[PDB]
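Enquirer: Would you mind keeping the following structure in view while I ask a few things?
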DNA sequence: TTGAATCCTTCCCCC
DNA sequence: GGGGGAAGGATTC
Ligand SMILES: Cc1cn([C@H]2C[C@H](O)[C@@H](COP(=O)(O)OP(=O)(O)OP(=O)(O)O)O2)c(=O)[nH]c1=O
Ligand SMILES: *[C@@H]1O[C@@H]2Oc3cc(OC)c4c5c(c(=O)oc4c3[C@@H]2[C@H]1O)C(=O)CC5
Ligand SMILES: [Ca+2]
Ligand SMILES: [Ca+2]
Ligand SMILES: [Ca+2]
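As structure tokens, then:
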């Protein structure tokens with residue numbers, strides 16, 4: 001049938017800060033985003049493996065990370081740059097099979113189904129690709145290879161970092177039963193729990209229960225996706241994809257409810273969101289507000305025409321007025337999301 | 001100074 | 001009953 005190749009860049013942001021300043025290598029590096037809330041306020045975007053050995057990983061507040069590795073290099077995240085270094089690497093890949101996906105700023109799938117005859121020749125295209133990326137951009141990436149996207153990615157997860165691994169149909173059969181289901185692409189612990197207290201702890205356990213008992217627990221989508229993976233009928237194609245939305249959320253010094261105190265933050269967001277749109281006209285706008293207790297509340301409005309900057313400002317303030325009206329908590333983070341492009 | 005994509009469940013129109 | 005679709009959430013990486 002087919003052979004899907006998965007490329008995923010190792011500790012990407014951290015590594016981009018490394019390549020851009022070689023001195024950092026071998027030393028713990030932690031890329032984080034400081035919110036002016038107070039000093040060291042913020043979380044950790046990511047950390048190279050040095051720091052990651054000792055517990056410092058993406059998500060933990062940076063204060064907790066500084067109590068663990070008070071002498072690691074902490075750097076502010078610069079998205080724009082990573083973005084370009086990604087785009088660059090995402091082209092060297094187009095040169096191995098126009099059938100490319102691109103799941104994120106660091107993940108992409110290739111259907112080298114035609115450029116290769118056997119897995120063995122795949123392991124070769126794998127090293128070729130790794131090698132070309134390492135020479136041209138100085139970045140280390142892991143490669144996964146199998147019969148379909150899901151497993152191609154599982155291969156990469158098993159070979160991180162700077163790894164290469166193929167999973168043939170014998171491993172798949174094996175993994176269908178032995179591979180812990182919580183380690184399957186698309187099963188956040190929230191779904192890993194509903195599955196746990198339902199009998200399904202392995203990919204194969206999904207065949208046991210009735211289909212409409214799943215459809216009512218985890219939804220139809222997750223249910224069909226899982227069964228097809230369990231029965232070995234998963235065969236999703238590698239489809240190119242486009243950004244279906246652009247936004248920006250900002251943290252405020254203090255939590256408040258005063259429209260006049262939040263407005264300016266909301267504009268900064270609206271202002272940057274349009275810079276990101278570049279040459280695109282959106283038709284729907286959303287204002288998301290992160291409550292004082294870290295809960296998300298949003299409000300939208302779709303127009304029959306595009307949204308000009310002036311109407312985004314105006315329409316954004318009403319939606320906000322509607323959020324405070326329908327909620328009681330104080331706002332912490334505020335932002336906008338522009339979708340449904342022209 | 002941090003995204004963004006699916007999927008879902010609910011609601012409202014109307015043939 | 002069923003096709004449409006907009007919306008405010010739920011979930012995942
Ligand atoms: C998890 C996470 C990722 N990111 C971004 C930064 C990273 O470079 C990239 C996410 O990490 P991942 O791309 O999922 O994995 P990684 O390769 O960078 O990590 P690993 O060392 O396991 O190989 O996405 C954030 O900004 N915040 C987060 O909380
Ligand atoms: C949404 O707000 C934070 O900002 C980001 C940005 C990410 O990538 C650019 C990101 C990723 C992941 C994640 O779990 O969170 C974020 C976040 C935070 C979210 O709370 C991933 O698994 C991959 C990228
Ligand atoms: Ca990744
Ligand atoms: Ca990665
Ligand atoms: Ca998981």
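In the deposited numbering, the protein residues as written are 1 to 342. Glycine is no exception: its CB is placed at the ideal position from the N, C-alpha and C atoms.
Could you check whether residue 167 and residue 191 sit closer than 7 Å to each other, using their CB atoms as the reference points?
Expert: Going by C-beta atoms, residue 191 is not nearer than 7 Å to residue 167.
Enquirer: Just to confirm my understanding: we take residue 337, look at its own chain, exclude 5 residues before and 5 after, and list those with CB closer than 7 Å. What are they?
Expert: Hits under 7 Å: 245, 247, 286, 288.
Enquirer: By Cβ distance below 8 Å, which residues in the same chain neighbour residue 240 in space, the five residues on each side in sequence not counted?
Expert: If we look at residue 240 and ignore the five residues flanking it on each side, its Cβ neighbours are 100, 101, 102.
Enquirer: Take the Cβ of residue 8 as the centre, count every other Cβ of all protein chains shown within 10 Å, and call the residue buried at 16 or more, exposed below.
Expert: It counts as buried.
Enquirer: Tell me the residue span of the beta strand (DSSP E) that contains residue 45.
Expert: It spans 42-47 - the beta strand (DSSP E) in which residue 45 sits, taken as one unbroken run.
Enquirer: If distances are taken between C-alpha atoms only, which option among 143, 96, 171, 187 comes closest to residue 162?
Expert: The candidate whose alpha carbon is nearest that of residue 162 is 143.
Enquirer: Roughly how many angstroms separate the alpha carbons of residue 153 and residue 48, rounded to a whole number?
Expert: If I take the Cα positions, the gap works out to 20 Å.
Enquirer: By the 10 Å Cβ neighbour count, where 16 or more other Cβ atoms means buried, how is residue 311 classified, buried or exposed?
Expert: Looking at its Cβ environment, which holds fewer than 16 other Cβ atoms inside 10 Å, residue 311 is exposed.
Enquirer: Count the C-beta pairs between the stretch 50-62 and the stretch 84-99 that are closer than 8 Å, then say yes if the count reaches three, no if not.
Expert: Taking 8 Å as the limit for Cβ pairs, the verdict is that the stretch 84-99 does not touch the stretch 50-62.
Enquirer: Is the closest heavy atom of ligand 5 to the C-beta of residue 427 under 6 Å?
Expert: With the chain covering 1 to 342 only, the question about residue 427 has no answer from this structure.
Enquirer: Between residue 320 and residue 13, what straight-line distance do the alpha-carbon atoms span, to the nearest angstrom?
Expert: Going by the C-alpha atoms only, they are around 33 Å apart.
Enquirer: Following a CB-centred definition, is residue 101 positioned closer than 6 Å to any heavy atom of ligand 3?
Expert: The answer is no for residue 101.
Enquirer: By how many angstroms is the C-alpha of residue 221 removed from the C-alpha of residue 188?
Expert: Taking the straight line from one Cα to the other gives about 14 Å.
Enquirer: Are residue 139 and residue 122 close, meaning C-beta to C-beta below 7 Å?
Expert: Taking 7 Å as the Cβ cut-off, residue 139 and residue 122 do not qualify as a contacting pair.
Enquirer: Could you check which residue in 227, 10, 46 has the C-alpha nearest to that of residue 89?
Expert: Here the closest residue by C-alpha is 10.
Enquirer: So which residues put a beta carbon under 7 Å from any heavy atom of ligand 3, going in chain order?
Expert: This criterion selects 8, 104, 106, 107.
Enquirer: Sort 282, 266, 133 by Cα distance to residue 332 and report the nearest one.
Expert: Of the listed residues, the one whose Cα sits closest to residue 332 is 266.
Enquirer: Where in the stretch 175-247 do unbroken runs of the alpha helix (DSSP H), each at least 4 residues long, occur, reported from the N-terminal end onward?
Expert: Entirely contained in the stretch 175-247, the alpha helix (DSSP H) runs reaching 4 residues are, in chain order, 189-196, 211-214, 219-231.
Enquirer: Going along the chain, which residues of its own chain have a beta-carbon closer than 6 Å to the beta-carbon of residue 149, five neighbours each way excluded?
Expert: Same-chain partners within the cutoff: 4, 109, 236.
Enquirer: Between the beta-carbon of residue 164 and the beta-carbon of residue 126, is there less than 7 Å?
Expert: Yes, Cβ-Cβ distance for residue 164 and residue 126 is below 7 Å.
Enquirer: For residue 202 versus residue 255, is the C-beta spacing smaller than 7 Å?
Expert: The answer is no: Cβ separation not under 7 Å.
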